[PDB]
Amino acid sequence: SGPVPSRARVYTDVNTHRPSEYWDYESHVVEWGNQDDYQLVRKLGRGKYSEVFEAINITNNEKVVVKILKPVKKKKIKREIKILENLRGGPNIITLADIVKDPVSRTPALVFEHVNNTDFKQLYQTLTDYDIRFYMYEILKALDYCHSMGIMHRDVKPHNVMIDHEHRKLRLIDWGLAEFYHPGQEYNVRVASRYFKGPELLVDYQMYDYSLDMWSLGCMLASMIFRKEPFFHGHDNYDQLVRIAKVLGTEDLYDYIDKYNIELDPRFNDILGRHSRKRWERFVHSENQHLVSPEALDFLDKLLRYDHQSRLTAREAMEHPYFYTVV
Amino acid sequence: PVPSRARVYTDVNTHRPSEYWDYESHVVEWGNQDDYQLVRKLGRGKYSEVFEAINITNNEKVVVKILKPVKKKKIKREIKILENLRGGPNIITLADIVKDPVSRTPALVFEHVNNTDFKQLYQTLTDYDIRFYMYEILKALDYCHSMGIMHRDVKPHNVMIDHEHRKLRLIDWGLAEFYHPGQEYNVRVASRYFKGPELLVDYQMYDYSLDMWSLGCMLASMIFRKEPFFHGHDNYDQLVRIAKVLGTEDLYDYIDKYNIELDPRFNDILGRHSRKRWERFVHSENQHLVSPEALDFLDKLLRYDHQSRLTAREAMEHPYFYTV
Ligand SMILES: CCc1ccccc1-c1ccc(CNCCc2nc3cccc([N+](=O)O)c3[nH]2)cc1Cl
Ligand SMILES: CCc1ccccc1-c1ccc(CNCCc2nc3cccc([N+](=O)O)c3[nH]2)cc1Cl
């Protein structure tokens, strides 16, 4: 008969009850302004099909961020623009300020609010237990907001979280893989970055939801509190599930695939093996014990679960004792 | 023109960091309006509509103000001021800042207020009631002035009263601004009947004392049962109506003192007028609200010279309030 259907435990019908205007990005009309009002200063990063720059707005002498997009897929550009317009002004969401094209190149470009990114390489050596709790709570405010707006980010990872530590400011960026949640919809599993992909993507279960972002957030928490980067170090997408099974165990993996009647790809036959369920306390060492606590391990255990339905939602996560010390 | 500054809270914003008063640099976090269900329309103002609503997460009634985004800088200003004053005595409480997912229209969520009708209070009000509520307004004004803010739109429409619970709230901070000594402000503020002489003669270096003139106009209308007290038909005529009570002599002394150049539009309409005695406005229908203390207090608020008017602090110490 095929796989068993599934739906989100929260914000299930938020898009169903809204007019098509909100979610039908293919029908959205994009107004491209003149890029002559912005002067490019320096390159910040170079991603797949995009380059990010620091720039200056000549009309008010203010710094901005300009993302120049390689127009490989026009439908994908309309999707990112519509999502950014819908989320504009939301808590800890990057703020879209303008949509422009250079007069001669006609290359699509997005203009955002400036963020003064601190170099993290020196920062994780000085980070405290409070700092991790504080910034994890800021990420959860962004996730509960975008999920309430019927949007899944689908690429949560440290590269997509900008922090200005001096001002204690955090922003969730790069909404290029984000999508609108419709119950019963089958999505493409080729999303997120390898180390952050949820088990649903790795076993080809297409009827996933906001809970995918909660797995990716758990991977980030485990790498920070244990000082192990990345936490699940796969070398390919099949090996990535084996790395997860070496921690969570193979017994609970079979319960997951049986609950949803998922057919395991034959490529897992010779590599999966048999693995015991490990205790989270086994990852504690002298270099990371100052970031670990019973509360932190209980919270991590409630995020890193095979069953997407059993993971905490962003709102449930915000009520956990791990955050009792934050404002 | 001659430079002027406030007699109180002069440098309160000067000694605070830039974050406090630089509203243009303030980051506004717009939440999801899906947590609120609109019930009914309460009122419709210029560039705003006020609705009674219910917060679905705690089953509590709230007030939701939907703003027409005519000027984005003005929205940031009102929000920053409401955030700075949040929780202050008799100040409307900002509870949330939201936008509807499809319309993206800016909206402010406030505490609920069960207002008693203004046209209904007017008949059963006593001398004590006027003294009590005037003191409640003074608590809000001394607080916002101490916080370096001038309301600039003090009028009865902006004061909500729950008479059953004896609760008062100063609302509509859309025209409010931060006071900086020596700053020149826009004179196109406040409602016609409540505009101070400084606004009418185009004197831009005004302060917190503007709010004390407006409060004076409110007191005069209540004790004398004359609404409004100064009934101008346009901004130029408004100055003539004040001149009919305070006289044209003291107006020229005010003008000369600050080297104000009178607009030529006043040439054929201002005329010559005598200074009237406050006792002349007492009649059979209002004598139960008038007293020597009330007239002395009123005389100390309604003065052309903004520097000579009582401060909210000085006003709170007047014998008129000895019974509250
Ligand atoms: C490590 C995961 C984690 C777990 C728990 C709490 C915080 C974090 C975290 C969160 C964020 C960062 C800092 N990430 C910066 C990523 C970044 N910095 C940039 C700088 C310039 C451009 C960038 N771009 O993507 O275009 C860019 N992207 C560092 C860390 Cl340590
Ligand atoms: C006895 C106090 C007093 C002393 C001196 C002069 C006037 C009064 C007075 C007399 C009546 C009122 C009541 N004004 C209500 C105005 C109002 N009622 C509303 C009801 C609904 C919405 C409103 N809004 O503007 O958003 C709104 N605004 C307030 C006051 Cl302060």
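Listed as the method for this PDB entry is X-ray crystallography; the listed resolution is 1.5700 Å.

Chemist: Teacher, can you tell me more about the UniProt feature "binding site: ATP" in chain B here?
Modeler: Residues and elements named next belong to chain B. Using the residue numbers shown here, the UniProt feature "binding site: ATP" corresponds to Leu42, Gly43, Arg44, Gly45, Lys46, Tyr47, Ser48, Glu49, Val50 and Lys65. Of note, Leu42 is situated in strand 2 (residues 36-45). Setting aside chain neighbours within four positions, we find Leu42 in contact with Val50, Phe51, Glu52 and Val63. With respect to the helices, strands and loops of the structure, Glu49 is situated in strand 3 (residues 48-55). Look past the residues within four positions of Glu49 in its chain and what remains in contact with it is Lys41, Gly43, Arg44, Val64, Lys65 and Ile66. Here the side chain of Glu49 touches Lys41 through a polar contact of 3.0 Å, side chain to side chain.

Chemist: What should I look at first to understand the side chain of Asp237 of chain B in this one?
Modeler: Residue and element names in this part refer to chain B. Considering the arrangement of structural elements, one finds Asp237 in helix 7 (residues 235-246). No salt bridge is formed by the buried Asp237; its nearest oppositely charged neighbour, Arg241, is found at 4.6 Å. For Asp237, the contacting residues outside a window of four places in its chain are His231, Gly232 and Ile269.

Chemist: So what exactly am I meant to see when it comes to the site of ligand 2 here?
Modeler: All names here are of chain B. Taken together, 14 residues form the shell around ligand 2, and within it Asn115, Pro156, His157, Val159 and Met218 come nearest. A distance of 2.9 Å separates a nitrogen atom of ligand 2 from a polar atom in the backbone of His157. At 3.0 Å, a backbone N or O of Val159 approaches a nitrogen atom of ligand 2. Compared with its free state, where it exposes 680 Å², ligand 2 has 90% of that area covered by protein. Going through the elements one at a time, helix 4 (127-146), strand 8 (159-162) and helix 6 (209-224) are the ones with two or more residues in the shell around ligand 2. Top element by residues in the shell around ligand 2 is strand 8. It accounts for 3 residues.

Chemist: I tried to follow the domain arrangement of chain B on my own but got confused; where do I start?
Modeler: Residue and element names in this part refer to chain B. Once the domains are mapped, chain B shows domain 1 (4-21 + 113-324) and domain 2 (22-112). On a C-alpha basis, the centroid separation for the pair domain 1 and domain 2 is 27 Å. On the domain 2 side, the residues contacting the 26 residues of domain 1 number 19 residues. When domain 1 packs against domain 2, the two sides together hide about 2100 Å² of surface, and 54% of this comes from carbon and sulfur. The three residues of domain 1 that bury the most area against domain 2 are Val113, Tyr143 and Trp173, which together make up 28% of that side's buried surface. For the pair domain 1 and domain 2, the interface holds 3 salt bridges. Between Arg77 and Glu177 there is a salt bridge, and its shortest N-O distance comes to 3.3 Å. Seen at the junction of domain 1 and domain 2, the total is 13 residue pairs in polar contact.

Chemist: I'm lost on the pairing of strand 3 (residues 50-57) of chain A in this one. Help?
Modeler: Along any regular strand the residues' side chains alternate between the sheet's two faces. All names here are of chain A. Looking at chain direction, strand 2 (residues 38-47) and strand 3 are connected through 8 bridges and run antiparallel. Residue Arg46 lies in a different strand from strand 3, and its bridge partner there is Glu51. Once strand 2 ends, the chain turns through 2 residues before running back antiparallel as strand 3, passing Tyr49 with a positive phi of about 70°. Sheet analysis places strand 3 next to strand 4 (residues 62-69), joined by 8 bridges and oriented antiparallel.

Chemist: Any chance you could explain the pairing of strand 6 (residues 108-112) of chain A here in plain terms?
Modeler: All names here are of chain A. Strand 6 sits mainly inside the fold: 5 of its 5 residues count as buried. Of the two faces of strand 6, the one lined by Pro108, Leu110 and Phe112 and the one lined by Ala109 and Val111 are each fully buried. With 4 bridges joining them, strand 4 and strand 6 adopt antiparallel strand pairing. Looking at strand 6, one finds that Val65 is bridged to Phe112. Relative to strand 6, strand 5 (residues 96-101) is paired through 5 bridges, and the arrangement is antiparallel. When the sheet's bridge partners are listed, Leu96 is paired in strand 6 with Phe112.

Chemist: How should I be thinking about unusual backbone geometry in this particular structure?
Modeler: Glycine aside, a negative phi is what most residues show, and trans is what most peptide bonds show. With an omega of -10°, the peptide bond running from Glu229 of chain A to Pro230 of chain A counts as cis. The residue after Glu227 of chain B, namely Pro228 of chain B, is reached through a cis peptide bond having omega -5°. With respect to the helices and strands, the residue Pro228 of chain B is situated in the loop between helix 6 and helix 7. Phi at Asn61 of chain A is positive, roughly 60°, even though this residue is not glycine. Its place among the elements puts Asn61 of chain A in the loop between strand 3 and strand 4.

Chemist: Would you mind showing me how to read the domain arrangement of chain A here?
Modeler: When the parts of a complex come together, some accessible area is lost, and that lost area is often used as the size of the interface. Residue and element names in this part refer to chain A. Domains assigned within chain A are domain 1 (6-23 + 115-327) and domain 2 (24-114). Computed from C-alpha atoms alone, the centre-to-centre distance between domain 1 and domain 2 is 27 Å. Contacts between the two partners involve 26 residues from domain 1 and, on the opposite side, 19 residues from domain 2. Between domain 1 and domain 2 lies a buried interface of about 2100 Å² when both sides are counted; carbon and sulfur atoms form 55% of it.

Chemist: Help me out: how do you make sense of the environment of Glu24 of chain B in this one?
Modeler: All names here are of chain B. Its location among the elements puts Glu24 in the loop between helix 1 (18-21) and strand 1 (31-32). Overall, the relative accessible area of 43% leaves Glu24 in the partly exposed class. Separated by 48 residues in the primary sequence, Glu24 and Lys72 have C-alpha atoms spaced 9.4 Å apart. If we ignore the near neighbours within four places in the chain, the residues touching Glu24 are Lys73 and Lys76.

Chemist: I tried to follow the interface of chain B and chain A on my own but got confused; where do I start?
Modeler: Of the residues lining the interface, 10 residues belong to chain B; the matching set on chain A comes to 16 residues. Each partner contributes to the roughly 900 Å² buried at the junction of chain B and chain A, and carbon and sulfur atoms together form 48% of this total. Of all residues in chain B, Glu29, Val102 and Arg104 of chain B give up the largest surface area on contact with chain A, accounting jointly for 47% of the area buried on that side. Seen at the junction of chain B and chain A, the total is 1 salt bridge. Where chain B meets chain A, there are 5 residue pairs in polar contact. Tallied by class, residues from the side of chain B that touches chain A come to 5 nonpolar, 2 polar and 3 charged.

Chemist: Where do I start with the site of ligand 1 in this structure?
Modeler: Residue and element names in this part refer to chain A. Around ligand 1 lies a shell formed by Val52, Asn117, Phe120, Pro158, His159, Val161, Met162, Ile163, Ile173, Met220 and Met224. If ligand 1 stood free it would expose 660 Å²; the protein chains cover 88% of that surface. Elements with a contribution of two residues or more to the shell around ligand 1: strand 8 (161-164) and helix 6 (211-226). The biggest single contributor to the shell around ligand 1 is strand 8, with 3 residues. For the shell around ligand 1, the residue count by class is 9 nonpolar, 2 polar and no charged.

Chemist: Before we go on, may I ask you to explain the sheet that holds strand 2 of chain A in this structure?
Modeler: Across a sheet, strands are paired by hydrogen bonds formed along the backbone, either parallel or antiparallel in direction. All names here are of chain A. Across the sheet, 6 strands lie side by side as 1-5-6-4-3-2; this open sheet has mixed pairing. The sheet is open, and its two borders are formed by strand 1 (33-34) and strand 2, each paired with just one other strand. Sheet contacts for helix 2 (residues 74-87): strand 4, strand 5 and strand 6; angle to strand 6, the most-contacted strand, approximately 20°.

Conventions used here
- Residues numbered from 1 in each chain as written, not as in the entry; some residues may be left out.
- Chains lettered and ligands numbered in written order.
- Heavy atoms only, no water.
- UniProt positions renumbered as here; feature names shortened; annotations may be inferred.
- Helix = DSSP H or I, 4+ residues; strand = E, 2+ residues; numbered from the N terminus.
- Contact = heavy atoms within 4.5 Å.
- Polar contact = N/O pair within 3.5 Å; in protein donor to acceptor, adjacent residues only side chain to side chain.
- Buried < 20%, exposed > 50% of the residue type's maximum accessible area, 1.4 Å probe, protein only.
- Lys, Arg positive; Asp, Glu negative; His and termini not counted.
- Salt bridge = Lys/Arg side-chain N within 4 Å of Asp/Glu carboxyl O.
- Near = heavy atom within 4 Å.
- Areas by Shrake-Rupley, 256 points an atom, 1.4 Å probe, with all protein chains shown as cover.
- Domains from an automatic or database assignment.
- Buried area = accessible area lost by both parts, 1.4 Å probe.
- Pairing = 2+ DSSP bridges.
- Nonpolar A, V, L, I, M, F, W, Y, C, P; charged D, E, K, R; others polar.
- Axes fitted to C-alpha atoms, helices over the stretch in contact; angles between N-to-C directions.

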